[PDB]
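There is one chain below, alone, in C-alpha cells, taken in the form solved without this ligand.
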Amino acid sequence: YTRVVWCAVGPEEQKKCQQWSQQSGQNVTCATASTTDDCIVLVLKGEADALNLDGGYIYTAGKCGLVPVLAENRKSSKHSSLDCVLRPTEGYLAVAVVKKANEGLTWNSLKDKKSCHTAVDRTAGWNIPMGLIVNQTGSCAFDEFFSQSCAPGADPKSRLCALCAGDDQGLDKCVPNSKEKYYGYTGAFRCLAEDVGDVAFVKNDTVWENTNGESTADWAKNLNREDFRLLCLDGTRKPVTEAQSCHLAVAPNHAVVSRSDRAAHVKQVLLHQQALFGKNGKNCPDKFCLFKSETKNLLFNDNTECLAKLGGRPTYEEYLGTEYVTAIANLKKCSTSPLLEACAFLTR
C-alpha cells in the first residue's frame, strides 16, 4: 500500500490514467469503472484509493465514510504572489444558460422546457437547479418538470435521458461518463449549443471556455457569447459577463477523496505528482500533462492550476459547507439511492 490506485470513470479517463501510471513509475496505478458511483464503490472495497469528484459526488463519498484530501484550484483574479498550493480556493459559479434567441425564457418559465445537465447528483448540473425547482414548486416530481432532458445517470428509459445521444455509434445513451456526447460541463453546453435543449446547467467558466474561438472543436468553433444569456433567480436575463450577479449558487471546488486511513499518503503522493506533471512542473509538457486532456476534463478540470491544501483536516460536510449540505439532503428526500442506503447500512 505505497502505490496510489486512481479510479478512472470510463475508457477515455482510463487511457490518460494508464499514461499517468507509466510516467509516475507505478507511484500511481489505475482501476476503472463506467460511473463515478461504481468508482466510489471500488474505494470503499479497497480495489482503489482515490479519485477527483464534483462536490455533489463528494456528498455520496462522504456518506460512505470517504474524506476530501486536496481541492482543484483554478486561475484566481488577485493575490498572484502566494503559491497556488497555499492560495485559498474560491469556488465556481453555477449558472443556467439559454440562447438569447429563445424568446421570453426566464427562470419563471422553465416548466415543460428542454434541459441539459452535467449529470445526476453533480452540483451545477443537478443539486443546485433541481434543489431550487423542488423548493419553489413544493413538489418532489422533478422528474416531470422538464418536457425532456439529457441528464446522464438518470433512468435511460425516462424523459430525463430522452435527449442524450450516446457515443459515436449512438450507444450507452445517458451513461454518466465522457463517452456520452452531452456528459459533463462541456457536453451540457454542447447540448444547449446544438439547440437540443432550451437550458443548460453548467458553471460560468464553461460558457467562456467554449465561445469566441476559445475552443478548437467544431460545434464550439464559431460560437459567440452575445448569442447566449444567463437566467437569474429574480427573473431577469443578463449577458454571460454578468455571472457575478446572475448565478444560481457558489459551488465548492471538485476535490480528491480517499479512505481516511489513506488521506496523508494520497496527499503526499499527489503534491509530488503535481511538481512533476502539473501546469508548471519538471515534465509538462516534455513527458506528460496531468491537468490537460486529449478530449476534455479527464480526471481533473483542464482549467486546474494545482491541487491545493485544506484547513485543519475537514469533513466532507465542513468541505462542502453547512448550506450546500442542507440543500443536497433536502433534494435527496425526493429520491432513493441504493449506494447511500448500502453505505448507511455498512458505516452506522
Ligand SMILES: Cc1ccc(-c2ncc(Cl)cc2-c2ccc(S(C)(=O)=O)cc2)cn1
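Start at 1 with the first residue shown and count on from there.
A second form of this protein, the form solved in complex with this ligand, is not displayed here; the remarks below concern that form.
Participant: Go through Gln148, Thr89, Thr106, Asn102 and name the one with a heavy atom inside 4.5 Å of this ligand in the deposited bound form.
Facilitator: When this ligand is considered in the deposited bound form, the option within 4.5 Å is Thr89.
Participant: Which of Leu298, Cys306, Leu320, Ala48 has a heavy atom within 4.5 Å of this ligand in the deposited bound form?
Facilitator: Exactly one listed residue reaches within 4.5 Å, namely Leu320.
Participant: Heavy atoms within 4.5 Å of this ligand in the deposited bound form: does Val250 have any?
Facilitator: Looking in the deposited bound form, residue contacts with this ligand include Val250, since a heavy atom lies within 4.5 Å.
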